[PDB]
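Next come structure tokens for two forms of one protein chain, structure 1 first, structure 2 second.
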Structure 1
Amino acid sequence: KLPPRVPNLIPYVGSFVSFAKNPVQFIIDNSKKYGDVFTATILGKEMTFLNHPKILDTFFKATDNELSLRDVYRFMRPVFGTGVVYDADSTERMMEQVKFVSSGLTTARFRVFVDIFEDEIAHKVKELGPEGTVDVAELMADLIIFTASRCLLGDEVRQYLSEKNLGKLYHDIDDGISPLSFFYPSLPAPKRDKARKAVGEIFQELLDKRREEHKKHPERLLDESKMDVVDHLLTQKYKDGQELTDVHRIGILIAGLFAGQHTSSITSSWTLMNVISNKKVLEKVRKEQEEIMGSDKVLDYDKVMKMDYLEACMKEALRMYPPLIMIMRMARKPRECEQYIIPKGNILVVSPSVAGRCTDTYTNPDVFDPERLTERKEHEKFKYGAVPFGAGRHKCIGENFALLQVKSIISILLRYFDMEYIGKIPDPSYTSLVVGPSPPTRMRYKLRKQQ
């Protein structure tokens, strides 16, 4: 009736050691032994892993008082803020907060975002010069610090990045966020907290400055192309009529930036590496770019919307290396799954990493092959065969922005540079909450138009 159990190495600690070594491998290996659904004790928590696409409907379609996100992701509170997101008072409030971020991700904004990407890359090529080598992961992270910040927060953020070290503060917050916090939400992190307080004061200042810029220039509020998330946060209230606190606005912006940065810079790195290392894929990608660009010299939104093959490359990098390797929920009530009952209080776990390598969905899954998606449609074999952006009620609302961001960056970089990857494509490093490539990730580059 209860699922089969991974027997423990030890009491309490349970299966932590082999989970911690490689959680993707742990789920695959134990799926073989115990099947589609099994339970492991891990640092005191009962974690029930759901391991096949076919059984996932009841996970994704549940409501929040059956499968709770707030119960598992509340540990983010020292980063995102008290009363924000997974520490909101209710599901309903969290959902309204999400809608404030999504309201800055409009079509009108997306046309302006493409210019932001052009402008930031143009600054960055001054650092890279006409040739050299660079770490792919760092390049992407550094570009996306600037692009995400300006997209979500407005161009007024830029001078804080260039003159007040805001990008270093982001790294200190991000250095302090540990997967083990999920198990111990009180692990102190004094450096993290100091930087979070510092980011708070900067964003408070930015909110204050914007209120006076709204007084002095009220027509800004009538221009859908100039309205960002800070603007919406300052001018909207909750449905029931309660106004937002500056605490909340700050927390929401910080969570917005967290979501707008990590997953995108990781996916860009894996996408670009696999594109430049595969001659056939690079040819197709460049032939699509040349066809879409024609005689124009800069991107725009409509162009990025036609870049289908490159989008398939990004999707194929998301199958193979999803930056969010595990999706969780707590069972607030018992749950049926196949023939089993999953107890109240268990954590249900679905893994986009395991799904992406499932040989029942994908043929030769260790190979990067975007045609598996465009021509073989392998993803469409199960409803939940591809879940890098999740599914159902909590499906990623940043998806179109992330597509826009990564396609644009890669398109622009391929315009400026020939690029070759150094060495073998690395494995994922399971050292961080958002999972990325094991360093080093270096490439050579050379400008295509020298003078």
Structure 2
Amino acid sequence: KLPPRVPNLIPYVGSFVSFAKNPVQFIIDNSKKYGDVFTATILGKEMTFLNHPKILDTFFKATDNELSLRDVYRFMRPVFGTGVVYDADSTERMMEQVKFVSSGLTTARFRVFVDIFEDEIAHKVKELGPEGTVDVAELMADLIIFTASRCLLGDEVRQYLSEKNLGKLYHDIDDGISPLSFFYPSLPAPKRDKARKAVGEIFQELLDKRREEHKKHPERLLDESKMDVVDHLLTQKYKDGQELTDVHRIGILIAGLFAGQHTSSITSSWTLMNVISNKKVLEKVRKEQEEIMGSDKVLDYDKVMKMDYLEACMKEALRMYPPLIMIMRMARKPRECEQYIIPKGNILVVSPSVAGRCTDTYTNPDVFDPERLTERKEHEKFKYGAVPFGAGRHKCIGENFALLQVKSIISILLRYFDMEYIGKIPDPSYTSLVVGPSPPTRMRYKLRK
């Protein structure tokens, strides 16, 4: 009962050549040809693609012993660190590591995060001056490396970003990893090794400093508005009693910071580009902002939580340009999928990119149209019609933080600046792990009157 196959052009390499040109177009073309589920061989991996919202239950509902996240990347050279994330000894242990991070994402902390957004943009606004042009993707990456770093690690990290080039070494954690790195065998990567070592030494020092801060001010552990992911990694332990090492704490922090940064900076870029390019969307965004802000001058938590239309704009950006283009699981046993059984050892693939352009879900899906959500509720037609943050067990735990961070940053930029996008909104570039717009993305800005 095998799903239909994409015919191998060559043995072993299989469909890799057309997949490598464009992974999203590959899944779109082969969906049209072969239906809601199909298999391709790609450099010796059996890849089974699930393409229609009506059949995604069997992917998202599975237990870790049926469809395995850990198995997809457990033989990967650890980008984050040994024994953390997909290198952890178990899925249960990975979920304890996820909890160390999610512990830092409370309402009490979200209230402080808004203050941190205002502070970082106020520094940035001074650099930008009264008017100019700025790369949108670079602006958003540079803002969120400061905001995400402070929100998750606390304000002691800032000195290392301003003075010790934590930013530079962080940008290389990623180095040479494209969405095709998964299929090529293990190469060397000394640049990445130098990055992780460098970030590791900075994170070791933050841990050492925070231990001394705990001894001087233990009442910190009672303050939900101060407790960050560093505090949680120093205070929490594994269920099974095995030691949480500083090696683990550093890898989990790098992995937390990577998650908290790339996806937010890219989504922020797409959302602002599309908002400022559409007269009616910009009108309603600024009307919402004007209503929420009243005669107040700065954001707080309750204001951001009201910004429903700016939230739809970001979810519309997430529909059209999801920064994670494939969600993958390893079949540890045969998986039923409609009339088919997907074989043991196949990797199942769900693509937010393909989900976002599904005409069964969304009308005129190449048009940025936030009202498709607020008015027509197109995201609600299917349970799995919108999956930019995934679903089930491994759903993003960062969703509310990402919404808070991107909505705040865009609200505050619109408060300071009139902004115009230079040229055509580009296509996504499928050349990085977290995919964002084709590089040249410039906008004009001018201080508002």
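Residue numbering: structure 1 sequence, from 1. What we label the rigid core is the largest C-alpha set whose atoms superpose within 1.5 Å from one form to the other.
When the two forms are overlaid on the rigid core, CA displacement between structures 1 and 2 of 2 Å or more is confined, within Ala137, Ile325, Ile177, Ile250, to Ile177.
Put the two forms on the same core and the Cα of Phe75 is off by 2 Å or more between structures 1 and 2.
Taking 2 Å as the criterion, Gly241 counts as shifted between structures 1 and 2: its C-alpha moves by at least this amount when the rigid core is aligned. Superposed on the rigid core, the forms differ at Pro188: its CA is offset by 1.2 Å between structures 1 and 2.
Relative to the superposed core, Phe100 has its Cα moved 0.8 Å between structures 1 and 2.
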